[PDB]
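Engineer: Okay, handing you the structure first.
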Amino acid sequence: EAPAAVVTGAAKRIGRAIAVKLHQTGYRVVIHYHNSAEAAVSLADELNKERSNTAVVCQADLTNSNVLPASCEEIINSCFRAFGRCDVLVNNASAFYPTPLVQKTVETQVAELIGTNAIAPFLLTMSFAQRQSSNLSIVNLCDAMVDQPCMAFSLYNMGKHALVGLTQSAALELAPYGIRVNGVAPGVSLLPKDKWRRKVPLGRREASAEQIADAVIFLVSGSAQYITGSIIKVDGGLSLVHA
Amino acid sequence: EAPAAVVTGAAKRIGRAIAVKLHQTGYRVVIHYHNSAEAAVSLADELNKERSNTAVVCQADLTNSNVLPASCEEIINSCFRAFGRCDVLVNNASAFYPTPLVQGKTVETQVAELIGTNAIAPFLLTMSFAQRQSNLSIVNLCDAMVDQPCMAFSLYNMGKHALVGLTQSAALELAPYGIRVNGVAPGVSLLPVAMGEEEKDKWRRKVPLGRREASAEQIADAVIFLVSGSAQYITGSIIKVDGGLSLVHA
Amino acid sequence: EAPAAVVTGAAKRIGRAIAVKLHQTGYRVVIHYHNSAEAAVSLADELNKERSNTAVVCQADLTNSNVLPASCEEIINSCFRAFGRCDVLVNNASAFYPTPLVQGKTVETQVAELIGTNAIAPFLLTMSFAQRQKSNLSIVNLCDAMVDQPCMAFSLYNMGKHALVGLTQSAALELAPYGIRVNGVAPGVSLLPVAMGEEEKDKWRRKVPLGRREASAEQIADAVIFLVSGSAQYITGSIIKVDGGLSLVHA
Amino acid sequence: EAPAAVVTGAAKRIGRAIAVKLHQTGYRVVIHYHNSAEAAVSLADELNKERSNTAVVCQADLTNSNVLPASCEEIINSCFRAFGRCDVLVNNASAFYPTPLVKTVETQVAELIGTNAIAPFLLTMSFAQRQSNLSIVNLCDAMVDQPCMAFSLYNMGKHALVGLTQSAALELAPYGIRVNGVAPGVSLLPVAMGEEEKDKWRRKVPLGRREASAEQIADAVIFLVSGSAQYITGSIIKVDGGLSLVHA
Ligand SMILES: NC(=O)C1=CN([C@@H]2O[C@H](COP(=O)(O)OP(=O)(O)OC[C@H]3O[C@@H](n4cnc5c(N)ncnc54)[C@H](OP(=O)(O)O)[C@@H]3O)[C@@H](O)[C@H]2O)C=CC1
Ligand SMILES: NC(=O)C1=CN([C@@H]2O[C@H](COP(=O)(O)OP(=O)(O)OC[C@H]3O[C@@H](n4cnc5c(N)ncnc54)[C@H](OP(=O)(O)O)[C@@H]3O)[C@@H](O)[C@H]2O)C=CC1
Ligand SMILES: NC(=O)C1=CN([C@@H]2O[C@H](COP(=O)(O)OP(=O)(O)OC[C@H]3O[C@@H](n4cnc5c(N)ncnc54)[C@H](OP(=O)(O)O)[C@@H]3O)[C@@H](O)[C@H]2O)C=CC1
Ligand SMILES: NC(=O)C1=CN([C@@H]2O[C@H](COP(=O)(O)OP(=O)(O)OC[C@H]3O[C@@H](n4cnc5c(N)ncnc54)[C@H](OP(=O)(O)O)[C@@H]3O)[C@@H](O)[C@H]2O)C=CC1
Ligand SMILES: Nc1nc2ccc(C(=O)NCCc3cccc(Br)c3)cc2s1
Ligand SMILES: Nc1nc2ccc(C(=O)NCCc3cccc(Br)c3)cc2s1
Ligand SMILES: Nc1nc2ccc(C(=O)NCCc3cccc(Br)c3)cc2s1
C-alpha cells in the first residue's frame with residue numbers, strides 16, 4: 001500500500017515530531033516507546049483518527065542486555081506484521097545524562113548511554129537490513145556538538161561518536177542493497193535555559209522538534225536518493241561558535 | 001512577487017539544473033555565465049516561455065583580478081535591477097583542472113582562475129549579497145572529495161577548502177541578519193566532456209550506492225532543500241551528495 | 001625516581017614496541033596482557049635484565065562485563081603497587097574482526113569484545129587513572145586513521161574506534177584542569193595480521209603513498225613517545241595520524 | 001653536511017622560535033622576513049655567533065601578485081645558494097586582521113590569501129622542483145571550524161592551507177617529501193593587547209588557562225621534521241591546550 005516507518009522513542013519530543021511528519025507525508029508508522037505507553041497510544045489515536053489503521057505502538061526497552069537483540073528484532077518485525085513492509089528506520093531513542101570521570105552503576109550507565117545510543121541502532125540496523133523500486137533508508141539522530149562536548153558527558157559523547165561510525169559503516173555496507181543510511185545532528189533543541197538560547201547564531205533560540213523532523217523527511221524522500229553516509233547538522237550555527 | 005535567485009555558471013550541467021529547479025519552485029532567476037552565451041540565452045528563453053519575465057542572463061568572468069569585486073557587485077545588482085530583490089545566491093561556477101607541483105597558462109593565471117572562481121568570487125558575491133540586504137540564503141557548491149583529493153589538483157582543492165571556510169565564516173557572521181549559508185558537496189556527478197568511457201566506468205564502479213554518478217537534478221534537489229522553508233534552522237552545514245564515495249578507502 | 005607507564009595489550013606487536021620505547025626513555029612499565037602470558041613474561045624479563053625492578057606484567061580480560069570496572073581498577077592498582085606512581089596510560093589493547101550487518105560468536109559477545117576492548121575499557125582505565133592521582137601525566141589512545149573510510153563489514157570495530165575518538169576529546173577536556181593530557185595516535189596500516197597472506201599484504205602496502213609500505217611498530221611508538229614527552233606539554237585532545245598518507249587516497 | 005631549513009616570517013614570535021629551535025637542532029636556516037629587517041638580522045647574528053655561517057636573511061613580500069611566484073622561487077633559491085641544499089620548508093608567515101562581510105577588498109584578498117595560502121603553495125612548488133629527510137610544515141589554525149567573527153578571508157586562507165597540506169602530502173609522497181601542519185590555538189597574544197583582554201582569552205584554555213609559548217609551537221614543528229615522524233605525512237597536529245574542544 002503506502003510505505004512504513006519505525007521511529008524509536010517516538011512518544012514525545014523529537015521522535016513524536018518525526019512520527020507525525022512522516023505520517024503527514026503518507027507513511028504508516030510504528031511508534032516505539034519504553035515508558036511512555038499513554039503518550040504513545042495517544043499519538044497513535046491522533047494518527048489513526050486521521051487515517052485508519054496507519055499507526056501502531058511497540059514497547060521495548062533499548063538498554064544494552066542479553067535481550068537487546070531480541071527486542072530490536074521485535075521492533076522491526078512489528079513493522080512487517082502491521083504493514084507488510086519496512087521502508088524507513090529512524091533511530092531517535094536516546095538516553096542523556098552526565099558521567100564524570102572524577103567521581104546507577106557505571107555498567108548501567110554504559111548499558112543506557114552506549115546501549116540505547118549506539119548498540120540498539122546497530123542491532124535495529126541489522127534486523128532492518130536482514131528483513132529486506134523502493135526507497136529504503138535509515139536516519140540516525142546524532143549530535144552536532146560531538147566535537148565540542150559538554151563537560152563530564154564522556155559516555156554520552158562516546159555513544160554519539162559510535163553512532164557516527166555506524167552511520168558511515170552501515171552506509172558503505174548497505175549501499176549495494178539500495179539502503180541509504182544518514183544522520184541528523186541537532187544542537188540545542190527541546191531543552192531538559194536562555195543562557196543557551198543566547199549562544200545560537202541563528203535567532204538566539206532552540207530548534208523546534210519539527211525543524212529536526214524536517215531534515216529527516218528530506219533524507220527519507222526521493223529528493224535524497226543519492227545521499228548516503230551524510231550527517232546534516234540542524235543547530236542554527238551553534239557548533240561554529242568558539243569558546 | 002516571487003523570490004529571486006542568482007546561480008553562477010548556470011548555463012550548463014549542474015548550475016543549469018539548479019536554475020531550472022529553482023524556477024520550477026517559483027523563483028525568478030539570474031543565469032550567470034562566462035563563455036556559454038548561446039546556452040545561457042537558450043535557457044532564459046525556455047524559462048521565460050514558461051512564465052514571462054522570470055529569467056535574465058548576466059555575463060561575468062569570475063577569475064581573480066582587481067576588478068572581480070565590481071563584477072560580483074554587478075551580478076548581484078543585475079538581480080535587483082531585473083526583479084527588485086535577491087533572496088538566494090548559489091555559488092556554483094567553478095574552474096577545475098590539474099596544477100601539478102612538479103613540472104599552457106602561467107601559474108599566476110592558474111591561481112587567478114582556480115582560487116578566484118572557487119573561492120574569491122563566492123566571498124565577493126556573499127559580501128555584495130549581504131550588503132544589498134524573508135528566507136534569505138546562500139548555497140556553495142563544495143566537493144565531497146576535498147579530504148581525499150585527486151592527485152595534482154592542489155590549487156583546485158585549496159579553493160574548495162577555502163569555500164568550506166567561507167561557508168562556516170559567513171554562516172556565523174550573517175546569521176544575525178537572518179541569512180543562512182550552507183553547502184552541497186557532490187562526489188562524482190556529471191563527468192567531464194573531455195574524458196573516455198572505460199574511464200568513466202572506472203569512476204562509476206567506485207560509487208557504493210548504485211555504481212553511478214549523480215544526476216545534476218540530484219545535486220539540485222539538495223540545493224532546493226537548503227533554500228526551502230524546511231531548512232530554516234540549518235546554517236553552516238554542508239550536505240554531501242556523493243552516494244557513499246567519500247566513505248570508500250583506497 | 002623514574003616515572004611509570006601502563007601499556008595495555010603490551011605483550012606483542014605495537015604495544016610491545018611502545019612498552020620498549022617507554023622503557024628505553026626511562027619509564028617503569030606495566031605490561032598488560034590477556035592471553036599472551038609467555039610473550040608478556042619474556043618481555044618483562046628482557047626489560048628487567050636491562051634495569052632490574054622496572055617491568056611487571058598484569059593479566060586482565062578487557063571484554064565488557066560487570067567486572068570490567070574492577071579489572072581496569074586493578075590494572076592501574078598494579079602500577080601503583082609495583083612503582084608507587086602511574087604517570088602514563090597507553091590504551092593499545094584492541095579486538096579487531098568483521099561483524100557483517102547482512103548475515104563463531106554471539107552478537108552480544110562481539111559487542112562485548114569490540115566495544116569493550118576498544119572503548120569501554122579505555123574509559124574505565126581513564127577514570128581509574130585519574131581518580132588514583134592523589135610531573136607530566138598523560139594518556140595516549142591508539143585510534144585508527146581510517147575510521148572515516150572503514151573496511152567493509154567492520155561496523156562494530158569502527159563504532160568502538162569512533163567512540164575512542166570521543167573519549168579522547170571528552171577526557172582531554174575534563175581532565176585538563178587536573179594537569180592530565182589526553183591524546184591519540186592513529187596508525188593507518190601497520191603490522192599486518194599474522195594470519196594475512198603475503199599476497200594480501202602487498203595489496204595493502206601498494207596503497208600507501210609514502211613508501212608503499214606499512215608503518216613499523218617503532219614508527220607508531222615514536223608518536224606515542226612524542227605525546228608523553230615534555231615536547232608535547234601544551235598538546236591535549238589531539239590525534240596524530242601516522243599513516244604514510246593512506247587516509248588521503250581516494251577510492 | 002648540516003641540513004638547511006627555510007622559515008618564513010622568522011624575524012619575530014613563532015617563526016623566530018622555530019628558526020632558533022631548528023638551529024639548536026643542527027640546521028642552517030634562512031630567516032625570511034618582510035618588514036622586520038632589524039629583528040631578522042639580529043637573529044641571524046646571534047645564530048652565526050653560536051655557529052659561523054649557519055644563518056642568512058631573505059626579504060620578501062608574500063602578498064599575492066604577478067611577482068609572487070618569482071619571489072617564492074628566490075626564497076627557495078637563497079637556501080640553495082647559501083647552503084647548497086634545502087631540507088625543510090616552514091610556512092609560518094601570516095597576515096591576520098578582520099574582513100567584515102557587511103585597504104581595498106582586493107588588497108585584503110591579496111594579503112590574507114597570498115600570505116596564508118598562495119605563497120605556501122608557490123614555495124612548496126619551488127621547494128619540490130629544486131629537489132634525506134625532506135619535509136614541509138605549514139602553520140595552520142586549530143580554530144578554523146570555530147572562526148572569529150568577521151575573519152572570513154583569514155579563515156578561507158587557513159582552510160586553503162589545510163587543503164595544500166593534504167594535496168601536497170599526497171603528491172610529493174612519491175619523492176619522499178613529507179608535508180604536515182601545526183595548528184596553534186591561542187599562542188603569543190598581541191604586544192598591545194591589554195592584559196585584561198589577554199586574560200579573557202587565557203581563561204578559555206582548558207590546559208593551564210594560558211596561551212601557548214612560541215617554543216611550545218616550535219616543539220611540534222621540531223617533531224614533524226625529525227626522524228621520529230618519518231612515516232607521518234598529511235597530518236595536522238593541534239597545539240591548542242584543548243581550546244578547540246570548548247563549546248560556546
Ligand atoms: N534535544 C536536544 O536538544 C538534542 C537532541 N539530540 C538527539 O536528538 C534525539 C531526540 O532527542 P530528544 O527527543 O530530546 O530525546 P529524549 O532525551 O527526550 O529521549 C527520547 C526518547 O528516548 C527513549 N529512551 C530513553 N532511554 C531509553 C531506553 N533506555 N530504552 C528505550 N527508550 C529509551 C524515551 O522513550 P520513553 O519516553 O517511551 O521511555 C524518550 O522519550 C536523541 O537521539 C538525541 O541524542 C542531540 C543533541 C541535542
Ligand atoms: N561535476 C562533478 O562531478 C562535481 C562537481 N562539483 C562542484 O559542483 C559545481 C558544479 O559542477 P559542474 O556543473 O561540473 O561544473 P563545470 O565544470 O561544468 O563548471 C560550471 C561553470 O563554471 C563556469 N566557470 C568556469 N570558469 C569560470 C570563470 N573563470 N569565470 C566564470 N565562470 C566560470 C563555466 O561557465 P561558462 O560555461 O559560461 O564559461 C562552467 O559552465 C562546481 O562548483 C564543482 O566544483 C563538486 C564535485 C563533483
Ligand atoms: N596493526 C595495524 O595496522 C593498525 C593498528 N591500529 C591500532 O593500533 C593498536 C595496536 O595494533 P596491533 O598491535 O596490531 O594490535 P593487535 O590486534 O595485535 O592487539 C593488541 C593486543 O590486544 C589485546 N587484546 C585483544 N582482545 C583483548 C581482550 N578482549 N582483552 C584484553 N586484551 C585484548 C591482545 O593481548 P593478548 O595477546 O595478551 O591476548 C593483543 O596482543 C590497536 O589499538 C589497533 O586497533 C590501528 C589501525 C591499524
Ligand atoms: N599567535 C597565535 O595565537 C596564532 C598563530 N597562528 C599561526 O601561527 C603562525 C605564526 O604566528 P605569529 O608568530 O603570531 O604570526 P604574526 O602575526 O606575528 O606574523 C608572523 C610574520 O608574518 C609575516 N608577514 C605578515 N604579512 C606578510 C606579508 N605580506 N609578506 C611577508 N611576510 C608577512 C611578518 O613578517 P615581518 O614582521 O618581517 O613583516 C610577521 O613577522 C601563523 O601562520 C599564524 O596564522 C594560528 C593560530 C593562532
Ligand atoms: N567544476 C568542477 N569541479 C569538479 C570536481 C570534481 C569532479 C570530479 O569528476 N570528481 C571525481 C573525483 C573523484 C575522486 C575519487 C574517486 C572518484 Br570515482 C572521483 C569534476 C568537477 S567539474
Ligand atoms: N587491533 C587491530 N586493529 C586494527 C585496525 C586496522 C588494521 C588494518 O590493517 N587496517 C587497514 C585497513 C585498510 C583500509 C584501507 C586501506 C588499507 Br591498505 C588498509 C589492523 C588492525 S589490528
Ligand atoms: N598571523 C596570525 N594568525 C593568528 C591566528 C589566530 C590568532 C589568535 O589570537 N587566535 C585565538 C582565537 C581565539 C578564539 C577563541 C578563543 C580564544 Br582564548 C582565542 C592570532 C593570530 S596572529
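Scheme for the C-alpha cells: letters A, B, ... for chains in order shown; per-chain residue numbers from 1; ligand numbers from 1 in order shown.
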Within 6 Å of chain D, which residues of chain B show up when using only C-alpha atoms, listed as a ChimeraX atom specification?

Structural biologist: /B:66,101-102,127,131,151,154,157-158,161-162,165-166,169,173

Engineer: Using only C-alpha atoms, find which residues of chain A lie within 10 Å of chain B and jot them down as a VMD selection string.

Structural biologist: chain A and resid 168 to 169 171 to 181 186 200 to 208 210 to 215 217 to 219 222 to 241

Engineer: Residues within 7 Å of segment 76-93 of chain A, please, as a CSV table (one decimal) with N, CA and C atoms, in the first residue's frame. Count only C-alpha atoms; anything in the same chain fewer than 4 positions from it doesn't count.

Structural biologist:
```csv
chain,number,residue,atom,x,y,z
A,3,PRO,N,4.2,3.4,2.2
A,3,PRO,CA,5.4,2.9,2.8
A,3,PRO,C,5.2,2.9,4.3
A,4,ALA,N,6.1,2.3,5.1
A,4,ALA,CA,6.0,2.1,6.5
A,4,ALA,C,7.4,2.5,7.2
A,5,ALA,N,7.3,3.2,8.3
A,5,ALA,CA,8.4,3.7,9.0
A,5,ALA,C,8.4,3.3,10.5
A,6,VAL,N,9.5,2.9,11.1
A,6,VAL,CA,9.7,2.8,12.5
A,6,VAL,C,10.5,4.0,13.0
A,7,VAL,N,9.9,4.6,14.1
A,7,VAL,CA,10.6,5.7,14.8
A,7,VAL,C,10.8,5.2,16.3
A,8,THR,N,12.0,5.2,16.8
A,8,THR,CA,12.3,4.8,18.2
A,8,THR,C,12.1,6.0,19.1
A,9,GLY,N,11.7,5.8,20.3
A,9,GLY,CA,11.4,6.8,21.3
A,9,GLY,C,10.4,7.9,20.7
A,15,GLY,N,11.1,12.6,18.6
A,15,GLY,CA,10.6,11.4,18.0
A,15,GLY,C,9.1,11.5,17.5
A,30,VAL,N,5.3,2.9,13.0
A,30,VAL,CA,5.4,2.2,14.3
A,30,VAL,C,5.9,3.2,15.3
A,72,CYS,N,15.2,-5.7,19.5
A,72,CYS,CA,15.4,-4.9,18.2
A,72,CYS,C,14.7,-5.7,17.0
A,116,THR,N,21.6,2.3,24.4
A,116,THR,CA,20.4,2.8,23.7
A,116,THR,C,21.0,3.7,22.5
A,121,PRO,N,20.8,1.0,17.9
A,121,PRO,CA,20.8,1.4,16.5
A,121,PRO,C,21.5,0.4,15.6
A,124,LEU,N,19.1,-2.8,15.5
A,124,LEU,CA,17.9,-2.4,14.6
A,124,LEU,C,18.3,-2.3,13.2
A,127,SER,N,18.7,-5.9,11.9
A,127,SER,CA,17.4,-6.6,11.7
A,127,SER,C,16.7,-5.9,10.4
A,128,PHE,N,16.7,-4.6,10.3
A,128,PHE,CA,16.1,-3.9,9.2
A,128,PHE,C,16.6,-4.5,7.9
A,135,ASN,N,12.4,2.9,-1.8
A,135,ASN,CA,13.3,3.9,-1.3
A,135,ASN,C,13.6,3.6,0.2
A,136,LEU,N,14.5,2.6,0.4
A,136,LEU,CA,14.8,2.2,1.8
A,136,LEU,C,15.9,3.1,2.4
A,137,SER,N,15.7,3.6,3.6
A,137,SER,CA,16.8,4.4,4.2
A,137,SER,C,16.6,4.3,5.8
A,138,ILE,N,17.8,4.6,6.4
A,138,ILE,CA,17.8,4.7,7.9
A,138,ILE,C,18.3,6.1,8.2
A,139,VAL,N,17.8,6.7,9.3
A,139,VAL,CA,18.2,8.0,9.7
A,139,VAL,C,18.6,7.9,11.2
A,140,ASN,N,19.8,8.2,11.5
A,140,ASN,CA,20.3,8.2,12.9
A,140,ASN,C,20.3,9.6,13.5
A,141,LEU,N,19.7,9.7,14.7
A,141,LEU,CA,19.7,11.0,15.4
A,141,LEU,C,21.1,11.2,16.1
```

Engineer: Excluding residue 18 of chain D and residues on its chain fewer than 5 positions from it, collect all residues at most 9 Å away from it, counting only C-alpha atoms, and give them as number ranges by chain.

Structural biologist: D: 7, 10, 13, 23, 90, 92, 214-215, 217-219, 221-222

Engineer: Would you mind exporting N, CA, C and O atoms of the selected residues as an mmCIF file, in the first residue's frame?

Structural biologist:
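Result written to part39.cif:
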```
data_model
loop_
_atom_site.group_PDB
_atom_site.id
_atom_site.type_symbol
_atom_site.label_atom_id
_atom_site.label_comp_id
_atom_site.auth_asym_id
_atom_site.auth_seq_id
_atom_site.Cartn_x
_atom_site.Cartn_y
_atom_site.Cartn_z
ATOM 1 N N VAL D 7 62.532 29.236 6.969
ATOM 2 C CA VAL D 7 61.382 29.607 7.789
ATOM 3 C C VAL D 7 60.841 30.962 7.314
ATOM 4 O O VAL D 7 61.558 31.956 7.362
ATOM 5 N N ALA D 10 60.271 34.736 9.962
ATOM 6 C CA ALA D 10 61.101 34.153 11.011
ATOM 7 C C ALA D 10 61.697 35.215 11.937
ATOM 8 O O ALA D 10 62.448 34.879 12.856
ATOM 9 N N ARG D 13 58.460 36.301 17.101
ATOM 10 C CA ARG D 13 57.362 35.499 17.618
ATOM 11 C C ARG D 13 57.562 34.021 17.271
ATOM 12 O O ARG D 13 58.610 33.440 17.577
ATOM 13 N N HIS D 23 67.845 25.651 14.437
ATOM 14 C CA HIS D 23 69.283 25.911 14.543
ATOM 15 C C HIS D 23 69.914 25.064 15.663
ATOM 16 O O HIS D 23 70.901 24.366 15.437
ATOM 17 N N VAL D 90 59.345 25.703 6.303
ATOM 18 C CA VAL D 90 58.321 26.006 7.292
ATOM 19 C C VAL D 90 57.558 27.236 6.812
ATOM 20 O O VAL D 90 58.109 28.348 6.780
ATOM 21 N N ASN D 92 55.322 29.767 7.796
ATOM 22 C CA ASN D 92 54.919 30.331 9.077
ATOM 23 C C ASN D 92 54.292 31.709 8.873
ATOM 24 O O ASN D 92 53.441 32.122 9.667
ATOM 25 N N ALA D 214 55.693 30.373 22.127
ATOM 26 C CA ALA D 214 56.173 30.180 20.771
ATOM 27 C C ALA D 214 57.014 28.912 20.716
ATOM 28 O O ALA D 214 57.006 28.173 19.718
ATOM 29 N N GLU D 215 57.721 28.636 21.818
ATOM 30 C CA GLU D 215 58.553 27.449 21.905
ATOM 31 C C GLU D 215 57.700 26.178 21.882
ATOM 32 O O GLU D 215 58.115 25.173 21.300
ATOM 33 N N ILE D 217 54.955 25.729 20.290
ATOM 34 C CA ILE D 217 54.583 25.529 18.893
ATOM 35 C C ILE D 217 55.796 24.961 18.164
ATOM 36 O O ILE D 217 55.694 24.000 17.391
ATOM 37 N N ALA D 218 56.968 25.577 18.415
ATOM 38 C CA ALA D 218 58.178 25.161 17.721
ATOM 39 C C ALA D 218 58.508 23.700 18.025
ATOM 40 O O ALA D 218 59.021 22.976 17.145
ATOM 41 N N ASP D 219 58.210 23.259 19.265
ATOM 42 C CA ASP D 219 58.413 21.854 19.626
ATOM 43 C C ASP D 219 57.707 20.880 18.670
ATOM 44 O O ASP D 219 58.261 19.822 18.321
ATOM 45 N N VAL D 221 56.801 21.490 15.573
ATOM 46 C CA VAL D 221 57.500 21.631 14.302
ATOM 47 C C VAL D 221 58.742 20.742 14.284
ATOM 48 O O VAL D 221 58.926 19.963 13.347
ATOM 49 N N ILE D 222 59.563 20.830 15.351
ATOM 50 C CA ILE D 222 60.762 20.009 15.505
ATOM 51 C C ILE D 222 60.453 18.511 15.397
ATOM 52 O O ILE D 222 61.113 17.780 14.637
#
```

Engineer: Residues contacting ligand 6 - anything with an atom at most 6 Å away, using only C-alpha atoms and all ligand atoms - can you give me those as a VMD selection string?

Structural biologist: (chain B and resid 249 to 250) or (chain C and resid 94 to 96 151 188 to 189 192 204 to 205 207)

Engineer: For ligand 4, collect every residue having any atom at a distance of at most 9 Å from a ligand atom (counting only C-alpha atoms and all ligand atoms); output as a PyMOL selection string.

Structural biologist: chain D and resi 8-17+32-37+39-40+59-64+91-96+110-112+114-116+119+138-144+154+158+182-190+211-212+214+217+240

Engineer: Set the distance at 9 Å and use only C-alpha atoms: which residues neighbour residue 141 of chain B once local chain neighbours fewer than 3 positions away are removed? I'd like the list as JSON, numbers by chain.

Structural biologist: {"B": [90, 91, 92, 93, 94, 118, 160, 163, 182, 183, 184, 185, 186, 223]}

Engineer: Identify, counting only C-alpha atoms and all ligand atoms, the protein, DNA and RNA residues located within 6 Å of ligand 1, and give them as a PDB file with C-alpha atoms, in the first residue's frame.

Structural biologist:
```
ATOM      1  CA  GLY A   9      11.392   6.849  21.280  1.00  0.00           C
ATOM      2  CA  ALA A  11       6.202   9.045  22.164  1.00  0.00           C
ATOM      3  CA  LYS A  12       7.418  12.533  22.942  1.00  0.00           C
ATOM      4  CA  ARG A  13       9.528  15.491  21.851  1.00  0.00           C
ATOM      5  CA  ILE A  14      11.658  14.968  18.745  1.00  0.00           C
ATOM      6  CA  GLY A  15      10.558  11.382  17.964  1.00  0.00           C
ATOM      7  CA  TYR A  33       8.180   3.568  23.381  1.00  0.00           C
ATOM      8  CA  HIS A  34       9.822   2.320  26.551  1.00  0.00           C
ATOM      9  CA  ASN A  35       7.975   4.002  29.438  1.00  0.00           C
ATOM     10  CA  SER A  36       5.558   6.322  27.692  1.00  0.00           C
ATOM     11  CA  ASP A  61      13.470  -1.315  26.488  1.00  0.00           C
ATOM     12  CA  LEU A  62      16.565  -0.338  24.448  1.00  0.00           C
ATOM     13  CA  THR A  63      19.078  -0.669  27.321  1.00  0.00           C
ATOM     14  CA  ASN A  92      15.778   8.555  17.592  1.00  0.00           C
ATOM     15  CA  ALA A  93      15.645   6.998  21.083  1.00  0.00           C
ATOM     16  CA  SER A  94      18.417   8.269  23.321  1.00  0.00           C
ATOM     17  CA  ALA A  95      19.496   8.490  26.981  1.00  0.00           C
ATOM     18  CA  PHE A  96      21.333  11.623  28.073  1.00  0.00           C
ATOM     19  CA  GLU A 112      21.925   3.033  28.785  1.00  0.00           C
ATOM     20  CA  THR A 116      20.449   2.824  23.653  1.00  0.00           C
ATOM     21  CA  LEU A 141      19.745  11.021  15.422  1.00  0.00           C
ATOM     22  CA  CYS A 142      23.319  12.249  16.003  1.00  0.00           C
ATOM     23  CA  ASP A 143      24.658  15.355  17.828  1.00  0.00           C
ATOM     24  CA  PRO A 186      20.623  18.719  16.347  1.00  0.00           C
ATOM     25  CA  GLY A 187      22.310  21.308  18.531  1.00  0.00           C
ATOM     26  CA  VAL A 188      20.144  22.790  21.253  1.00  0.00           C
ATOM     27  CA  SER A 189      16.600  21.604  20.611  1.00  0.00           C
ATOM     28  CA  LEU A 190      13.877  20.934  23.205  1.00  0.00           C
ATOM     29  CA  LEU A 191      15.760  21.672  26.445  1.00  0.00           C
TER      30      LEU A 191
END
```

Engineer: Find the spatial neighbours of residue 123 of chain C, counting only C-alpha atoms, within a cut-off of 7 Å - ignore same-chain residues fewer than 4 positions away - and output them as a PyMOL selection string.

Structural biologist: chain C and resi 119+127+167

Engineer: Write out as a tab-separated table the residues of chain A that have any atom within 7 Å of an atom of chain D, one row each with the nearest atom pair and its distance in Å to one decimal, counting only C-alpha atoms, sorted by chain and then rising number.

Structural biologist:
```
residue	atom	partner	partner_atom	distance
A:147	CA	D:245	CA	6.3
A:148	CA	D:245	CA	4.5
A:149	CA	D:247	CA	6.8
A:199	CA	D:248	CA	6.5
A:240	CA	D:146	CA	4.5
A:241	CA	D:146	CA	5.4
A:242	CA	D:146	CA	5.0
A:243	CA	D:248	CA	4.5
```

Engineer: Find the nearest atom pair between each residue of chain B and ligand 2 for residues within 8 Å, count only C-alpha atoms and all ligand atoms, give distances in Å to one decimal, sort rows by chain and ascending number, and present the table as a tab-separated table.

Structural biologist:
```
residue	atom	partner	partner_atom_place_in_ligand_line	distance
B:8	CA	ligand 2	32 (N)	7.0
B:9	CA	ligand 2	21 (C)	4.0
B:10	CA	ligand 2	21 (C)	6.7
B:11	CA	ligand 2	38 (O)	5.8
B:12	CA	ligand 2	41 (O)	5.3
B:13	CA	ligand 2	13 (O)	4.4
B:14	CA	ligand 2	13 (O)	3.8
B:15	CA	ligand 2	13 (O)	5.6
B:16	CA	ligand 2	13 (O)	7.8
B:32	CA	ligand 2	38 (O)	7.2
B:33	CA	ligand 2	38 (O)	3.7
B:34	CA	ligand 2	38 (O)	3.7
B:35	CA	ligand 2	39 (O)	3.6
B:36	CA	ligand 2	38 (O)	3.9
B:37	CA	ligand 2	38 (O)	6.7
B:40	CA	ligand 2	38 (O)	7.3
B:59	CA	ligand 2	38 (O)	7.9
B:60	CA	ligand 2	31 (C)	6.0
B:61	CA	ligand 2	30 (N)	3.8
B:62	CA	ligand 2	30 (N)	3.6
B:63	CA	ligand 2	29 (N)	4.4
B:91	CA	ligand 2	43 (O)	7.0
B:92	CA	ligand 2	43 (O)	4.3
B:93	CA	ligand 2	22 (O)	3.4
B:94	CA	ligand 2	22 (O)	4.2
B:95	CA	ligand 2	26 (N)	4.3
B:96	CA	ligand 2	17 (O)	6.1
B:113	CA	ligand 2	29 (N)	5.4
B:114	CA	ligand 2	29 (N)	7.9
B:116	CA	ligand 2	29 (N)	7.5
B:117	CA	ligand 2	28 (C)	5.7
B:118	CA	ligand 2	43 (O)	6.6
B:140	CA	ligand 2	43 (O)	7.5
B:141	CA	ligand 2	43 (O)	4.6
B:142	CA	ligand 2	46 (C)	5.7
B:143	CA	ligand 2	46 (C)	4.2
B:144	CA	ligand 2	47 (C)	6.3
B:145	CA	ligand 2	47 (C)	7.2
B:160	CA	ligand 2	45 (O)	7.4
B:185	CA	ligand 2	46 (C)	5.9
B:186	CA	ligand 2	47 (C)	4.4
B:187	CA	ligand 2	48 (C)	4.7
B:188	CA	ligand 2	3 (O)	3.8
B:189	CA	ligand 2	3 (O)	3.4
B:190	CA	ligand 2	1 (N)	4.6
B:191	CA	ligand 2	3 (O)	5.5
B:192	CA	ligand 2	14 (O)	7.0
B:213	CA	ligand 2	3 (O)	7.4
B:214	CA	ligand 2	3 (O)	7.6
B:216	CA	ligand 2	13 (O)	7.5
```

Engineer: As a PyMOL selection string, please: every residue in segment 60-156 of chain C that DSSP puts in strand (DSSP E).

Structural biologist: chain C and resi 88-91+138-142

Engineer: Could the residues that lie within 8 Å of ligand 3, counting only C-alpha atoms and all ligand atoms, be listed as a VMD selection string?

Structural biologist: chain C and resid 8 to 16 32 to 37 40 59 to 63 91 to 96 113 to 114 116 to 118 141 to 146 161 186 to 193 214 to 215 217

Engineer: Identify all residues of segment 31-224 of chain A in helix (DSSP H, G or I) (DSSP on the backbone) and supply them as a ChimeraX atom specification.

Structural biologist: /A:37-50,68-83,106-130,154-177,194-197,209-220,222-224

Engineer: Please build the interface table for chain D against chain C with a cut-off of 6 Å, listing for each qualifying residue the nearest atom pair and the distance in Å to one decimal; count only C-alpha atoms, order rows by chain and increasing number, and write it as JSON lines.

Structural biologist:
```
{"residue": "D:173", "atom": "CA", "partner": "C:210", "partner_atom": "CA", "distance": 4.8}
{"residue": "D:206", "atom": "CA", "partner": "C:176", "partner_atom": "CA", "distance": 5.5}
{"residue": "D:207", "atom": "CA", "partner": "C:176", "partner_atom": "CA", "distance": 4.8}
{"residue": "D:219", "atom": "CA", "partner": "C:231", "partner_atom": "CA", "distance": 5.5}
{"residue": "D:228", "atom": "CA", "partner": "C:222", "partner_atom": "CA", "distance": 5.5}
{"residue": "D:231", "atom": "CA", "partner": "C:244", "partner_atom": "CA", "distance": 5.0}
{"residue": "D:232", "atom": "CA", "partner": "C:242", "partner_atom": "CA", "distance": 4.8}
{"residue": "D:233", "atom": "CA", "partner": "C:245", "partner_atom": "CA", "distance": 5.4}
{"residue": "D:234", "atom": "CA", "partner": "C:245", "partner_atom": "CA", "distance": 5.7}
{"residue": "D:235", "atom": "CA", "partner": "C:241", "partner_atom": "CA", "distance": 5.8}
{"residue": "D:238", "atom": "CA", "partner": "C:238", "partner_atom": "CA", "distance": 5.7}
{"residue": "D:239", "atom": "CA", "partner": "C:235", "partner_atom": "CA", "distance": 4.9}
{"residue": "D:241", "atom": "CA", "partner": "C:234", "partner_atom": "CA", "distance": 5.1}
{"residue": "D:242", "atom": "CA", "partner": "C:236", "partner_atom": "CA", "distance": 5.4}
```
